Amino acid sequence: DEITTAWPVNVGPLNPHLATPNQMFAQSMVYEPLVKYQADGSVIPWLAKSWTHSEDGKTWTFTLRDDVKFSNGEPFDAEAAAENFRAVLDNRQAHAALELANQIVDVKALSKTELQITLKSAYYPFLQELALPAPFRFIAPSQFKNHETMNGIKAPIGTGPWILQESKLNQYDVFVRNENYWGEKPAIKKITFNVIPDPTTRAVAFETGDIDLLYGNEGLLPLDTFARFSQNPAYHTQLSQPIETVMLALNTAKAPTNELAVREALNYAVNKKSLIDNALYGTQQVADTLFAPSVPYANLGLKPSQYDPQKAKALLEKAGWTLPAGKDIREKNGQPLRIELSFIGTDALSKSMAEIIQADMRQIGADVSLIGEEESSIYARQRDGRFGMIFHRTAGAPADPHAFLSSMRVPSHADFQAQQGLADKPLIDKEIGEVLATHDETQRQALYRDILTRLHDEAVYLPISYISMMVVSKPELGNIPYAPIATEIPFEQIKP
Ligand code: NI
């Protein structure tokens, strides 16, 4: 009834409203949302049994379960929920990347079971954002520090199935089953996280000792390690459905990526399978489209641009980018075909992919110049449009497609800047505005198809690969089912 894993760090304090990336897995073990995301893109009842919205889409009224207790035995009710929203909104700035935190105007408990949330605008993807691991999940208000969470908490008391019982710093965290959980309790009663900061040391600890499984993204489970494990029949390995897309964003307003033919050429010139086999140790899927077809609203049958250097070269040639005698880089009006790829210098994987991409483009006569900078400078370039090409990712999980599309129409964002050279940019932005505000599902799919097709046809992006969540486990443990939000390891499905 017990399992052991490993993690690079202790996760305390596990504040639901100041969650760090290394805490995001633990967050979901302890803290729960009003509504629960499903693979089909919808949300279903969870702590809220049901909900209604006003006709203008700005008032949302949630009817809550009446049988839920925080793990310390205090009731979950509308007042406790409203207190959490207040605590989050008191720190509104820290959450401004999440449109919901910007959208909420008022939260009011109408009764013990009725929670009303008022938004600035119709924003129907509201529900998908409530389903995120953070920040709109619930800690017992008794555990606030002086009536806030932004300045810290007391005990990490959620409604969830697991309780963080003990830490021994730099040694282990221990989660135990909440015996008073409102829902489906795990068969497992204890999960111990040995704190093993070095990923090679973690991997050896799995191979040798009584650690039952490891899981995570690239930062937690190195891609080369996972490839090795996936080869070895002594271990079980699994890869989730696609989460994020990794791509280049091409600046449609800056020469030479202002030319459709150049962007199309770039899309045909990258050998994605080889890049993945090499830099990513064959662990990810090739991305032909901005969103994987498993992404809600994105199963569009868009035409892939398959790796074809001959076609890439023909596109450049027709566009006037030709090789002079005795030269290996194309020129047009005496100007070489040069494209800057700016990336975060300290990011090893970005650097590895940039080098591969540079080499691919040499084969078609294009000079990709690599510029590694501080993250702070790359951030400013993205806001400003001071880039030729940049690495970029979607968010996956329940935020996409809506969140990623929403930012395309807002100034000071990479995707807005990248798209400035498109003749249909105003139509795209209007349609994104409409898709976010539409209550009609038919109109929603028609609009998503139009926006994504336009962006695909105009070759704004150079999709490279889809990132999956990795799990490696001892054979005796069993397969673990993936959850709709891949970080939410479904520990209740583990059967002793
Ligand atoms: Ni409705």
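Residues numbered from 1 in each chain as written, not as in the entry; some residues may be left out. Heavy atoms only, no water.

1. Overview of the sheet that holds strand β10 (residues 162–168)
No. 1: Spatial strand order, β1-β12-β11-β10: four strands in an open sheet with mixed pairing. The open sheet terminates on both sides in strands that have one partner only, identified here as β1 (2–7) and β10. Each strand axis lies, on average, 20° off the axis of its neighbour in the sheet, ignoring direction. (Pairing = 2+ DSSP bridges. Helix = DSSP H or I, 4+ residues; strand = E, 2+ residues; numbered from the N terminus. Axes fitted to C-alpha atoms, helices over the stretch in contact; angles between N-to-C directions.)

2. Quick look at the coordination of the nickel ion
No. 1: In the first shell of the nickel ion, the protein supplies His53 (NE2) and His439 (NE2), at 2.0 Å from the metal. With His53 in strand β4 (residues 48–53) and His439 in the loop between α14 (425–437) and α15 (441–457), the pair connects residues that are 386 residues apart, well separated along the chain. (Donors = N, O, S within 2.8 Å, 3.2 Å for Na, K, Ca; no water.)

3. As for the pattern of salt bridges
Side-chain pairs of opposite charge can arise where the charged atoms are in close proximity.
No. 1: A complete count under the given rule lists 23 salt bridges for this structure.
No. 2: Its salt-bridge partner being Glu179, residue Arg177 comes within 3.0 Å of it at the nearest N-O pair.
No. 3: Residue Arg228 pairs with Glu207 through a salt bridge whose shortest N-O separation is 3.2 Å. Note that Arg228 is positioned in helix α6 (residues 223–231) and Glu207 in helix α5 (residues 199–208), a separation of 21 residues in sequence.
No. 4: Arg228 sits in the partly exposed class, given a relative accessible area of 43%.
No. 5: Residue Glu207 is classed as partly exposed on the basis of its relative accessible area of 31%.
No. 6: Linked by salt bridges that have partners in common, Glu83, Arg86, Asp90 and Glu148 make up one network. (Salt bridge = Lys/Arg side-chain N within 4 Å of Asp/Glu carboxyl O. Buried < 20%, exposed > 50% of the residue type's maximum accessible area, 1.4 Å probe, protein only.)

4. With respect to the packing of helix α8 (residues 272–279) against helix α10 (residues 348–362)
No. 1: At a minimum axis distance of 10 Å, the contact between α8 and α10 shows a crossing angle of 140°. Compared by their axis directions, α8 and α10 come out oblique. The handedness of the crossing between α8 and α10 is right-handed. Residue-level inspection shows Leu275, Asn278 and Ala279 of α8 in contact with α10, the latter providing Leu349, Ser352, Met353, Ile356 and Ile357.
No. 2: When its residues are assigned to classes, the contact of α8 with α10 shows six nonpolar, two polar and no charged. (Parallel < 35°, antiparallel > 145°, perpendicular 65-115°, else oblique. Left-handed = near helix turned anticlockwise from the far one by under 90°. Contact = heavy atoms within 4.5 Å. Nonpolar A, V, L, I, M, F, W, Y, C, P; charged D, E, K, R; others polar.)

5. A word on the environment of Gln27
No. 1: Note that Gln27 resides in helix α1 (residues 24–30).
No. 2: What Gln27 contacts, discounting residues up to four positions off in sequence, is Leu14, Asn15, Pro16, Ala19 and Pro133.

6. A word on the packing of aromatic side chains
No. 1: Taken as a whole and assessed by the stated rule, the structure comprises 23 aromatic pairs.
No. 2: Their ring planes at 85° and their centres at 6.2 Å tell us that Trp7 and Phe193 sit as a pair that is edge-to-face. A residue pair is termed long-range when its members are at least 10 positions apart, and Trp7 in strand β1 and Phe193 in strand β12 (residues 190–195) qualify at 186 residues.
No. 3: Residue classification places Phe193 among the buried residues on the basis of a relative accessible area of 6%.
No. 4: Look at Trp51 and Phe62: their rings are 6.2 Å apart centre to centre, the planes differ by 40°, and that puts the pair in the tilted class. Note that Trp51 is positioned in strand β4 and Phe62 in strand β5 (residues 59–64), a separation of 11 residues in sequence.
No. 5: With a relative accessible area of 25%, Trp51 lands in the partly exposed category.
No. 6: Note on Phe62: relative accessible area 0%, which makes it buried.
No. 7: An aromatic cluster is built from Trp7, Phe25, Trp162, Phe175, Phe193, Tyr215 and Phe491, whose rings are joined through pairwise contacts. (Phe/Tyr/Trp six-rings, centres within 6.5 Å; stacked < 30°, edge-to-face > 60°.)

7. Quick look at the sheet that holds strand β14 (residues 236–239)
Hydrogen bonding along the main chain pairs the strands of a sheet, whether they run parallel or antiparallel.
No. 1: The strand order β13-β23-β14 describes an open sheet built from three strands, whose pairing is antiparallel. In the strand order of this sheet, the two ends are held by β13 (213–216) and β14, each with one partner. In this sheet, adjacent strand axes meet at a mean angle of 10° when their direction is disregarded.
No. 2: Of the strand pairs in this sheet, β14 and strand β23 (residues 470–473) are connected by four bridges, and their pairing is antiparallel. Its bridge partner lying in β23, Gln238 is registered against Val471.

8. Here we look at the side chain of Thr149
No. 1: By the secondary structure assignment, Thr149 is in strand β9 (residues 148–153).
No. 2: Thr149 has contacts with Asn15, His17, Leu18, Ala87, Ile139 and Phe144, leaving out every residue within four places of it along the chain.

9. Structural notes on the environment of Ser406
No. 1: Among the structural elements, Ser406 can be located in helix α12 (residues 402–408).
No. 2: Considering only alpha carbons, one finds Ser406 and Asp429, 23 residues apart in sequence, at a separation of 8.6 Å.
No. 3: With near-sequence residues (within four places) excluded, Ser406 lies in contact with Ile432 and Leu436.

10. Let's talk about the nonpolar core
No. 1: If you look at the biggest cluster of nonpolar residues, it comprises 47 residues, and the most contacted ones within it are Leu248, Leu266, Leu275, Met361, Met389 and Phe391.
No. 2: Two domains each provide a minimum of three residues to this core, namely domain 1 (1–240 + 469–496) and domain 2 (241–468).
No. 3: Apart from the residues within four sequence positions on either side, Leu248 is in contact with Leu341, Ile357, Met389, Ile390, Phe391, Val460, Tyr461, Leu462 and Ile464.
No. 4: Listed in part, the 42 residues of the second largest apolar core include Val35, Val43, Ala109 and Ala140. (Core = buried A, V, L, I, M, F, W, Y, C linked by side-chain atoms within 4.5 Å. Domains from an automatic or database assignment.)

11. Brief notes about the domain arrangement of the protein
No. 1: Its domain assignment divides the protein into domain 1 (1–240 + 469–496) and domain 2 (241–468).
No. 2: Just the C-alpha atoms count here: the centres of domain 1 and domain 2 sit 32 Å apart.
No. 3: Facing the 23 residues of domain 1 at the interface are 21 residues of domain 2.
No. 4: On the domain 1 side of the interface with domain 2, the three residues burying the most area are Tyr124, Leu223 and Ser240, jointly 27% of the side's total.
No. 5: Summed over the shared surface of domain 1 and domain 2, the number is one salt bridge.
No. 6: There are five residue pairs in polar contact connecting domain 1 and domain 2.
No. 7: Mapped by element, the contributors of at least two residues to the side of domain 1 that touches domain 2 are α4 (126–130) and α6.
No. 8: Residue contributions to the side of domain 1 that touches domain 2 peak at four residues, all from α6.
No. 9: A per-class count over the side of domain 1 that touches domain 2 returns 15 nonpolar, four polar and four charged. (Buried area = accessible area lost by both parts, 1.4 Å probe. Polar contact = N/O pair within 3.5 Å; in protein donor to acceptor, adjacent residues only side chain to side chain.)

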